[PDB]
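Q: I would like to see how this sequence folds:
(chains A, B, C, D, E, F, G, H, I and J, ligands or ions: 2)
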Amino acid sequence: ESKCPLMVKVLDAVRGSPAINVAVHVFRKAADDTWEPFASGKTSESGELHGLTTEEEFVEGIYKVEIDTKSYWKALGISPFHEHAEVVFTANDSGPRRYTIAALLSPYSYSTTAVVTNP
Amino acid sequence: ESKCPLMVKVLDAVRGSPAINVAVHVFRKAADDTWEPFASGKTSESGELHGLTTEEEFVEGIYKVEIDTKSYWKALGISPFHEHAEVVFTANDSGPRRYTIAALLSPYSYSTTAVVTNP
Amino acid sequence: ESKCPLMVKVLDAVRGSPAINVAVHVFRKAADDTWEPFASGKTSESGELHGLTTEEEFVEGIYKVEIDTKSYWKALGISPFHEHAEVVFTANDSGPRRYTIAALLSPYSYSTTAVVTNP
Amino acid sequence: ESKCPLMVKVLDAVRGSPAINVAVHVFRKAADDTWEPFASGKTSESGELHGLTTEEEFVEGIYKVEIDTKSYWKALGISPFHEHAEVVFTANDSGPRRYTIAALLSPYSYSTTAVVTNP
Amino acid sequence: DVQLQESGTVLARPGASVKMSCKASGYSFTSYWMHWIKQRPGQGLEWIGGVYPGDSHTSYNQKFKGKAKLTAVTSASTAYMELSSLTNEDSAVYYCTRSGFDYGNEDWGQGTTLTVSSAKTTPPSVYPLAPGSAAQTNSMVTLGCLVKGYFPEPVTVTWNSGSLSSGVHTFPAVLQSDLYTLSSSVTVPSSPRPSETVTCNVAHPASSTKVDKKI
Amino acid sequence: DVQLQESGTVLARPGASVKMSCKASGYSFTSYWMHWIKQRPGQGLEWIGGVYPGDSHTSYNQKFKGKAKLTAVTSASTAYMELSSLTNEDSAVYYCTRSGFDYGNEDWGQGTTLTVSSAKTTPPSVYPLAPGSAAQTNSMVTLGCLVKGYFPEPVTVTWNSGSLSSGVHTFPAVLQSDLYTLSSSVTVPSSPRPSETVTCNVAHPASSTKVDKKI
Amino acid sequence: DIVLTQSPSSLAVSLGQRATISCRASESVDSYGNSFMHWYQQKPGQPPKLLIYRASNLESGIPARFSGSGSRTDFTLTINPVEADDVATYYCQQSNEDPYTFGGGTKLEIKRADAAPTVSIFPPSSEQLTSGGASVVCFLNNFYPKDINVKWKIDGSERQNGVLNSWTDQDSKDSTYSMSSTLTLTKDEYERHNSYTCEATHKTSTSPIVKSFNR
Amino acid sequence: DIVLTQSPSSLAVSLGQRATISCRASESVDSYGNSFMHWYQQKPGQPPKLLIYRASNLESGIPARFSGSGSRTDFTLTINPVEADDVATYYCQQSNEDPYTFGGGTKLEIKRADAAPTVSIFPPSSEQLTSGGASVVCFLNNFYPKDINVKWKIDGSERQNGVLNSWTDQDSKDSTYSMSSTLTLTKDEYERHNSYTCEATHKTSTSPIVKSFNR
Amino acid sequence: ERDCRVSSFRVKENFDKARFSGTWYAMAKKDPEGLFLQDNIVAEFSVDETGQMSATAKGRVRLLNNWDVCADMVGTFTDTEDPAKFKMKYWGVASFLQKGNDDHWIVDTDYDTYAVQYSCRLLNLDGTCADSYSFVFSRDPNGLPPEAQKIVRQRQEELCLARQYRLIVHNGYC
Amino acid sequence: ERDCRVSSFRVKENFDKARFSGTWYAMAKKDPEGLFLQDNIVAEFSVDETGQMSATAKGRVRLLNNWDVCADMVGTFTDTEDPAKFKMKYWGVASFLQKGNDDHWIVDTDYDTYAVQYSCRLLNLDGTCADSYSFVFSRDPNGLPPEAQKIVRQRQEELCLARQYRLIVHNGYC
Ligand SMILES: CC1=C(/C=C/C(C)=C/C=C/C(C)=C/CO)C(C)(C)CCC1
Ligand SMILES: CC1=C(/C=C/C(C)=C/C=C/C(C)=C/CO)C(C)(C)CCC1
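A: Residues are numbered from 1 along each chain as shown, chains lettered A, B, ... in the order given. Ligands and ions are numbered 1, 2, ... in the order given. Below you will find the coordinate block:
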């Protein structure tokens, strides 16, 4: 319980509304060299995905968040460019930070943004 | 004919193409806090806009570039949100420079951005 | 009391943290042709500005939100481009919508985004 | 010497200039879901990147462009957040086309974007 | 746009026969059907059948097979339905509606009312409804109109050739003896009347009678 | 980088006198000061004074004016402090630290310990601390080292010439009679010893005595 | 044929809430992977209006308010948010099997807040007596609830004979109700009395609203 | 001179929380628009370490943990998040008025979770007897809290004479505590008995930890 | 009397990219799952010298909502082991326009006046078609002779789709 | 004994853009409010034929945080009714680099070895300087003769800034 370490938020730039039920995939760069699955989920009506991992299993290491910007757009009959949007970063390297990956998406563009806090 | 200290480029975010036929208007703050017509024009195939002024006409002062975003979207068929996008900066303050403003307009959000350099 | 009709949120793209104590200015396109002051304020630690106007004074008409992206950056010893960032739009035209203007800002770039809801 | 179906451009968000010396790597999904080296290079004065492939070498398939963002920022002096920016799309699916990816990297957020057209 | 007109009211003797029309206008008359629906008072809706003008083909409901003979002139662009050996039951409103060459339900016609009595067509009788006083100042005033003993139905009624429409009440039928009696009422500011000309236009096609009574 | 060395420990008789050094190395010896701080046990820190090598200028604290005479050789790049007519109080550790030609606090020197007794320097006595058993298998083992009756202080003590550092405990002074006694202890897996050579290197500059005892 | 049965026949609900009109079937209306059910809106004095084709596909012209669902033999027309101008009868119909068949329809009414009826009475004009018959008209307009009661008092005497009733379906704007009444006497039986009264009995009030005039 | 007084003299707090070391002054330390206060970190067996210059300006080398504040005669050193390796004494000092003066310093200790002491006892080696004196050494390592109690039992008898104490400042990594003890007898008074024991009394346990060996 | 096996479906033998090529107007269709060309549909078939057959089709689509885009589509037909059966790769000239590859069976036609196509997006457990869409092209947007309708009637029942056709409107939106 | 009035402050009479021009190294400074050239500061003064005086100054600054930018600045001095007093317009070659216009008084110098400047960003109610910054330039980064320091000492006290100087370091960062 307590509080959620890492979380994502995705916005539909086109309609000025959150993009809902958008898939998200988080992996962790492993000892070998490939991203072993770490977590998955769907975007809430709030346009976010709370409760990704807990405040400790989310160990220290490289992570990759994969937003299925594809099917979303596709869903609204629009053929998008990116097969998906990912954010690869290094977390919990120094103490514990509060990771919040945000994303603004369009059929042919997108951008990610991260906010870290502490207590 | 010569160079162009000022250039205005715009890309169509939904389409993933150049925002073509876009009307633009730049101004200069006169001796009254008013906005005097500095120059107008409209985007070409490229999506760009060249020849607005000259390394000479374009002088020091705060200017205002107004990207006619509404008439872009509406014209194609969407009910855009922003009435129009604007750009205001202090032109050639610390000497002579090449200013290029870039817009990536979307129906419900835009991201103006500029890059400046020397001749 | 009840709930806040219009609100803004501003993010500091550079440091991946909210931009705090950033000035905001909302005006309303008036019967004549100039923006008579409608409201002002400062960005909370949350990076937002809740309680702009109430759910009714915020009549139906054109509005302009002016984010003092200038002084902010300038504060951190960085000379920014835009003298400020504004969002001009038409609200409460049809029934009542929940306006949320967001902004991602950098020294030489920025973008606005609006989200509207209903109940 | 000839045209280039693929071009990769990047602007430095903090500076309001071209992201110069940026390393790039594009790949193609082979017959195993793997990523085979398609071509590399680094941004010129322009901030752009020309000649990666040809109207011929560049064929149908899913490709991956990886903008070495970290080595940009870190090199200059900031502790960027994203390990690196990537771009994946289905190349020349519906025939032949000219693809241009644009990045406007910032220390704590990026906005990848592409525009495509015919010859 | 898809216009679909019908024929005027019908009045027939018990045991006689009748035929109705239904001109098509705005779509390929041969690319659609066109059915006839029967709707009786405290009853509802009954499909009768339909014609494929192109194949002159036909589809009936056994409940009417021996009652309605349908036809249709391509060139005239109209379908027909013939009501044979009438009773007092077949008396009802029949609607004509077009139908897809694949589905069912789409456009309906104004519908031709149908009376199968033995009484003789009696034209209306319009009397104006006036209050017992100029009806004081500024107080809003309600004018009326009386349609006495007519037959059969209907009898279109409007005011000021249709200008006045808001604040109007046109009361339904009533079998005064073997005649009918309808009433209408309009409500208006103390401003329009008597300054302006208040007129109640009663029409009764069945009898070719038109009448406009002032107030 | 800013190196600031000092002279070895000092031992002096009551009423005598002494002088200390403090070579500078890495910065303009003339562009800085260099003060002398005095720190006594359950006491703390007392500034003494400072010298401006360039102006050969000097600033003292009236509490020491008649106790410390400061000097400094530009060429030698060293400042000096002379302790006159000693008592048992002046006995303490004196630190040397450089100081800005405008503010005040920056670099501190290792600090020269200072004893003002009458007893005669007595070299240490190192004895090895061994358990009462080879100390079973795989169990972690703790070795010790005893420094008996020496004077004055200090007496650097390390293990394996400084290799072993983690898991070490070097207990402070104690006035065994008019001599001192120090002890150290190292903790090590059952794996390092006795397979490897466990050595405790005790050094006592004051007496030019170095000793490394195995285990 | 196949049987269509309209769950509740009368249907009332408040403006702004949802409706849930039903239509079960004797046989299954679904075939080859679909459902051939249809919904119509039949307002007062007019023909049916198509709403939903194939128990789910909306008709171009009809608002989101509506929406259908079902399969096998259970379907339902959804009206929400019920709107003032939607006061009507809703019939379903199927076309999966010949012969086509409709439902018994359903009258949708709206729930509102009471309103005493605006009464009005009028004296048989000139030419109505000029017939050999008397008829005084009284209008009961815009009132609610539906149930009301009119009593003609002619010289304190309650007249039962001559009573002609007529009601109007709930309005479309203010969702009210209205009734007309008229005392149909002989012209003689009119000149045999001198006090004409129209008493209105309604729940909106204790005391009955009385409108009259005298001969 | 001016007086500097360290608020609390001992200071304990858990790893990860904040510290609030004080330093008030007899006179004002501020002048011409600034404040001449300074903070030092003096760890065990070493000289002071500059932390903050001018009660606010941080020193290049010191982490964000620290931070100062104040004016007039009230300043405060802020350590947060206190870190394991920050266990030391903190002295402030001013240079606004001559003569320079420091504070009484403050010992910062860390709050942790208890740990029973790893005890060990050792038999006077060969050469220590070869002196005319006995000394058995026992090591109390890595334990907590600070207060502990050692009792030497030599043949059930509690030995009070020869007791030499020595404690070590809280460690820097595991933030513990350790003590050494040694029974200093004569070489003869060693060969007048045969059971040597070192009993450890500590809160971490009810039963005292006993380590011994016999002659 | 059973039926409804896509392969059972009987298509036109000896198709002729040539004779069929030209303009064609959509009179009716059957909506597959997902988004689909809504109103004002018109296709243009036309084979080249090598024999390959391609097409274009202007049609409206209510993409998203309130977003009415007359879409200019294009698709290249790869030939199959049957002159009548085809697999249609396609896309829109504009880029955001749904790109895709579906099947394409020229169910039947008489070449000069009518045309009926079927496309089974996805197969059923046994062999019925789940996702399935169709068209009834006419050479004359002005309509179609009953005889043709009459014939079309057949086909549809044959495609296990009778009644299921939403008729197309031609207001000239574009 | 009172003092600390910017105007009271006494500057060097008969300044000489000429004789002063050249290379200069920062030994010490006084940090005004806000961000400011931190370590490795070095300026280059140089007047032209028309008499106008300008300058450049490479110095490090911890802009933002973890962002250590050796900044290449430049500023044009407009002449004032005093050969010594000046107003410095400036900016960095690079664009994001803080641009600005502050005052500039060549407090004192002997031209050949030392130089002391003061700059009062902003005035006090009475006449003290609130935002104020200064430098102590030397012709030889290798240091400065005590005599010079000694003199420098004076000035500072004169600028009501004694002690308040954080000494500069020259590791060659750039
Ligand atoms: C290409 C093509 C056809 C199909 C077009 C389709 C299926 C378009 C769908 C478009 C959508 C869903 C657009 C929304 O982005 C038909 C067989 C009609 C005619 C032959 C050429
Ligand atoms: C121009 C100039 C000078 C001042 C430079 C300053 C004040 C630079 C500040 C840079 C900053 C604050 C960068 C952060 O964005 C001095 C007097 C040294 C030398 C003469 C020329």
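Q: Let me know the helix or strand that residue I:151 is in.
A: In the assignment (DSSP states H and E), residue I:151 maps to helix I:146-158.
Q: Pull out the buried positions in that helix.
A: By neighbour count on 16 or more other CB atoms under 10 Å in any protein chain shown, the buried set for helix I:146-158 is I:146, I:148-149, I:151-153, I:155-156, I:158. For every residue, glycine as well, the C-beta is placed using N, CA and C.
Q: can you pull the contacts of residue E:104?
A: Taking CB atoms under 8 Å, 6 or more residues apart in numbering or on different chains as the criterion, residue E:104 is in contact with G:36, G:38, G:93, G:95, G:100, I:163.
Q: That one and ligand 1: what is the separation?
A: Look at residue E:104 and ligand 1: by CB to the nearest ligand atom, to the nearest Å, they are 26 Å apart.
Q: Mind giving me the packing neighbours of the helix or strand just after the helix holding residue I:151?
A: Proceeding C-terminally, helix I:146-158 gives way to strand I:166-167 as the next helix or strand, assigned by DSSP H and E. Strand I:166-167 is packed against strand I:22-30, with contacts defined by 3 or more CB pairs under 8 Å, 6 or more residues apart in numbering or on different chains; DSSP states H and E.
Q: Neighbours of the residue of chain I found nearest chain F, how many?
A: Per CB to the nearest CB, residue I:95 is where chain I lies closest to chain F, at 61.3 Å. Burial of residue I:95, expressed as a neighbour count using other CB atoms under 10 Å in any protein chain shown, amounts to 23.
Q: Count the residues that sit near the nearest residue in space to it that is not next to it in sequence.
A: Among residues not flanking residue I:95 along the chain, residue B:16 sits closest, at 5.6 Å (CB to CB, 6 or more residues apart in numbering or on different chains). Here the count is done by other CB under 10 Å, and residue B:16 has 25 residues near it.
Q: so what's the residue nearest to residue I:9 when sequence neighbours are not counted up against?
A: When the adjacent residues along the chain are set aside, residue I:9 lies closest to residue I:159, with 6.0 Å between them (CB to CB, 6+ apart). Listed by CB under 8 Å, 6+ apart, the contact partners of residue I:159 are I:9, I:107, I:118, I:134.
Q: May I have the phi/psi pair for residue I:159?
A: phi -90, psi 10 (degrees, to the nearest 10).
Q: any idea how far the residue of chain G positioned farthest from its centre is from chain C?
A: When each C-alpha in chain G is compared with the mean C-alpha position (CA atoms, centre = their mean), residue G:32 comes out farthest, at 39.4 Å. To chain C, residue G:32 is 41 Å away according to CB to the nearest CB, to the nearest Å.
Q: isn't residue I:5 right next to residue I:120, touching?
A: No - if you go by CB atoms under 8 Å, residue I:5 and residue I:120 don't touch, sitting 10.5 Å apart.
Q: So what pairs up with the closest residue in space to residue G:47 that isn't next to it in sequence in the strands?
A: The shortest distance from residue G:47 to any residue that is not its chain neighbour, by CB to CB, 6+ apart, is 4.3 Å, and that residue is residue E:108. The residues paired with residue E:108 through beta bridges, assigned by DSSP bridges, are residue E:97.
Q: Quick one: residues contacting residue E:108.
A: Shown in contact with residue E:108 (CB under 8 Å, 6+ apart): E:4, E:37, E:95-97, G:47-49.
Q: Is the residue in chain G that chain I sits nearest to in a helix, a strand, or coil?
A: Of the residues in chain G, the one nearest chain I is residue G:32, at a distance of 5.3 Å by CB to the nearest CB. Under the three-state scheme (DSSP: H, G, I helix; E, B strand; the rest coil), the conformation of residue G:32 reads as coil.
Q: From residue I:164, how far out is it?
A: Using CB to CB, to the nearest Å, we find residue G:32 at a distance of 8 Å from residue I:164.
Q: Find the closest residue to chain J in chain A.
A: Among the residues of chain A, residue A:94 lies nearest to chain J; the distance is 12.2 Å by CB to the nearest CB.
Q: mind checking how far the residue of chain G found nearest ligand 2 is from chain A?
A: The nearest approach of chain G to ligand 2 comes at residue G:64, 56.7 Å away (CB to the nearest ligand atom). In this structure, residue G:64 lies at 18 Å from chain A, with CB to the nearest CB as the measure.
Q: ditto for residue E:154
A: 49 Å.
Q: which non-adjacent residue is nearest that residue?
A: Distance criterion CB to CB, 6+ apart; nearest residue to residue E:154, sequence neighbours excluded, is residue E:113 at 5.8 Å.
Q: burial of that neighbour, as a residue count?
A: Here the neighbour count serves as a burial measure; for residue E:113 (other CB under 10 Å) it reads 18.
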